[PDB]
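Worksheet: the structure to be examined is printed underneath.
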Amino acid sequence: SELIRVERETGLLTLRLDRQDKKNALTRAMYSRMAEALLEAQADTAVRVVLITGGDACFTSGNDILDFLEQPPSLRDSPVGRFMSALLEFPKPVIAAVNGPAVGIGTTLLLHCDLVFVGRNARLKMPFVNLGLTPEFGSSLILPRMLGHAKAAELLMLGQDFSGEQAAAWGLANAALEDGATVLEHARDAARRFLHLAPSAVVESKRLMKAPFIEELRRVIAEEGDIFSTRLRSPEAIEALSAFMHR
Ligand SMILES: CC(C)(COP(=O)(O)OP(=O)(O)OC[C@H]1O[C@@H](n2cnc3c(N)ncnc32)[C@H](O)[C@@H]1OP(=O)(O)O)[C@@H](O)C(=O)NCCC(=O)NCCS
């Protein structure tokens, strides 16, 4: 139980990425632990809210690239695919607390959280195109809808990174805060606010908010994943990926 810590407090389940030497790069075993932690907590009436964080300095550099190179996953049927499906379908409040880098799925998973808090100077990007890859986790749908095409394109067709401050201005984050522990403390207070509300009013509000979009999102995630899986096995991406290793 070495790389994903699962602190079960009062009504609040905390998934804490703990792989600091690798900038919390997500392995198949981390995705698997998070997918099952979500799916259990989903059924655990004791659990009211989930918090996701990498701690005070780092959120996640995204997918482990070695994993991408050695064993290209089919996104649907894979640990990453099961993590994506689990978070997407998670019916209770999910809160992210982000410091430092949030890269690739480090940013896109935030598009499925109910509240997102970031350090002002966190570093967010979607470097898919830089790596011969394409958008993932429904970001090709969510981001143009939220931001319009041109602004989304800056993030997805150019892979432009952006600060936590900028994430809050655009509404990807709910607030940009003092970097470090403050981000987590404020996220914990938001979780405590949810504890004061009727569990089913919250849960049902969240379902109504996703209902008009979820079928299209399910279908977009499937198209993206087929493109992404194919590209991982093509030379363009293999070259860019092993180039990042051996930088
Ligand atoms: C997040 C990032 C900007 C931080 O950069 P940094 O401060 O220079 O720290 P490093 O890049 O040197 O990372 C430190 C170590 O973690 C490793 N690492 C970091 N991210 C990794 C990743 N996604 N996959 C595999 N290893 C990773 C480095 O290879 C390095 O390993 P080593 O110390 O054993 O040699 C940079 O690590 C990065 O760009 N990582 C990959 C981001 C990415 O492309 N994710 C996938 C998108 S599909």
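Chain labels A, B, ... are given in the sequence in which chains occur in the structure tokens; within each chain residues are numbered consecutively from 1, and ligands are likewise numbered from 1 in the order shown.
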Env of residue A:213: 12 Å cut, atoms = only C-alpha atoms, seq-sep filter 3 positions within chain, self excluded. Answer as a PDB file with C-alpha atoms, in the first residue's frame.
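Done, and the output landed in selection23.pdb:
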```pdb
ATOM      1  CA  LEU A  88     -16.392  10.061 -13.961  1.00  0.00           C
ATOM      2  CA  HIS A 112     -14.434  15.604 -13.240  1.00  0.00           C
ATOM      3  CA  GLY A 138     -13.150  14.004 -22.349  1.00  0.00           C
ATOM      4  CA  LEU A 141     -15.410  17.981 -25.251  1.00  0.00           C
ATOM      5  CA  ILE A 142     -15.272  19.688 -21.838  1.00  0.00           C
ATOM      6  CA  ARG A 145     -17.560  23.931 -24.082  1.00  0.00           C
ATOM      7  CA  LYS A 206     -24.580  16.476  -8.850  1.00  0.00           C
ATOM      8  CA  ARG A 207     -26.476  13.867 -10.855  1.00  0.00           C
ATOM      9  CA  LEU A 208     -28.746  16.482 -12.395  1.00  0.00           C
ATOM     10  CA  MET A 209     -25.668  18.561 -13.262  1.00  0.00           C
ATOM     11  CA  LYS A 210     -24.032  15.668 -15.105  1.00  0.00           C
ATOM     12  CA  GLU A 216     -21.951  12.380 -24.885  1.00  0.00           C
ATOM     13  CA  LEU A 217     -19.024  12.424 -22.429  1.00  0.00           C
ATOM     14  CA  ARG A 218     -19.066   8.609 -22.255  1.00  0.00           C
ATOM     15  CA  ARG A 219     -18.975   8.469 -26.062  1.00  0.00           C
ATOM     16  CA  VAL A 220     -16.290  11.148 -26.413  1.00  0.00           C
TER      17      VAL A 220
END
```
Please, which residues in chain A fall within 8 Å of ligand 1 when counting only C-alpha atoms and all ligand atoms, and what is the closest atom pair and distance in Å to one decimal for each, ordered by chain then residue number, as JSON lines?
```
{"residue": "A:20", "atom": "CA", "partner": "ligand 1", "partner_atom_place_in_ligand_line": "16 (O)", "distance": 7.9}
{"residue": "A:21", "atom": "CA", "partner": "ligand 1", "partner_atom_place_in_ligand_line": "16 (O)", "distance": 5.7}
{"residue": "A:22", "atom": "CA", "partner": "ligand 1", "partner_atom_place_in_ligand_line": "16 (O)", "distance": 3.3}
{"residue": "A:23", "atom": "CA", "partner": "ligand 1", "partner_atom_place_in_ligand_line": "19 (C)", "distance": 5.0}
{"residue": "A:24", "atom": "CA", "partner": "ligand 1", "partner_atom_place_in_ligand_line": "20 (N)", "distance": 7.2}
{"residue": "A:25", "atom": "CA", "partner": "ligand 1", "partner_atom_place_in_ligand_line": "23 (N)", "distance": 4.7}
{"residue": "A:26", "atom": "CA", "partner": "ligand 1", "partner_atom_place_in_ligand_line": "23 (N)", "distance": 7.1}
{"residue": "A:60", "atom": "CA", "partner": "ligand 1", "partner_atom_place_in_ligand_line": "1 (C)", "distance": 7.0}
{"residue": "A:61", "atom": "CA", "partner": "ligand 1", "partner_atom_place_in_ligand_line": "1 (C)", "distance": 4.2}
{"residue": "A:62", "atom": "CA", "partner": "ligand 1", "partner_atom_place_in_ligand_line": "45 (N)", "distance": 4.4}
{"residue": "A:63", "atom": "CA", "partner": "ligand 1", "partner_atom_place_in_ligand_line": "46 (C)", "distance": 4.9}
{"residue": "A:64", "atom": "CA", "partner": "ligand 1", "partner_atom_place_in_ligand_line": "24 (N)", "distance": 3.6}
{"residue": "A:65", "atom": "CA", "partner": "ligand 1", "partner_atom_place_in_ligand_line": "24 (N)", "distance": 4.0}
{"residue": "A:66", "atom": "CA", "partner": "ligand 1", "partner_atom_place_in_ligand_line": "25 (C)", "distance": 5.6}
{"residue": "A:67", "atom": "CA", "partner": "ligand 1", "partner_atom_place_in_ligand_line": "25 (C)", "distance": 7.8}
{"residue": "A:101", "atom": "CA", "partner": "ligand 1", "partner_atom_place_in_ligand_line": "1 (C)", "distance": 5.3}
{"residue": "A:102", "atom": "CA", "partner": "ligand 1", "partner_atom_place_in_ligand_line": "1 (C)", "distance": 7.2}
{"residue": "A:103", "atom": "CA", "partner": "ligand 1", "partner_atom_place_in_ligand_line": "45 (N)", "distance": 5.5}
{"residue": "A:104", "atom": "CA", "partner": "ligand 1", "partner_atom_place_in_ligand_line": "47 (C)", "distance": 4.1}
{"residue": "A:105", "atom": "CA", "partner": "ligand 1", "partner_atom_place_in_ligand_line": "47 (C)", "distance": 6.8}
{"residue": "A:123", "atom": "CA", "partner": "ligand 1", "partner_atom_place_in_ligand_line": "3 (C)", "distance": 7.9}
{"residue": "A:126", "atom": "CA", "partner": "ligand 1", "partner_atom_place_in_ligand_line": "47 (C)", "distance": 6.6}
{"residue": "A:127", "atom": "CA", "partner": "ligand 1", "partner_atom_place_in_ligand_line": "47 (C)", "distance": 5.5}
{"residue": "A:128", "atom": "CA", "partner": "ligand 1", "partner_atom_place_in_ligand_line": "48 (S)", "distance": 5.2}
{"residue": "A:131", "atom": "CA", "partner": "ligand 1", "partner_atom_place_in_ligand_line": "48 (S)", "distance": 7.0}
{"residue": "A:133", "atom": "CA", "partner": "ligand 1", "partner_atom_place_in_ligand_line": "48 (S)", "distance": 7.3}
{"residue": "A:241", "atom": "CA", "partner": "ligand 1", "partner_atom_place_in_ligand_line": "44 (O)", "distance": 7.8}
{"residue": "A:244", "atom": "CA", "partner": "ligand 1", "partner_atom_place_in_ligand_line": "41 (C)", "distance": 7.3}
{"residue": "A:245", "atom": "CA", "partner": "ligand 1", "partner_atom_place_in_ligand_line": "29 (O)", "distance": 5.8}
```
Note to self: Given only C-alpha atoms as the basis, pick out the residue of A:6, A:37, A:237, A:12 nearest to residue A:189.
What the structure shows: A:12
Next item on the list: Find, counting only C-alpha atoms, the residue in A:203, A:84, A:195, A:155 that gets nearest to residue A:42.
Entry: A:203
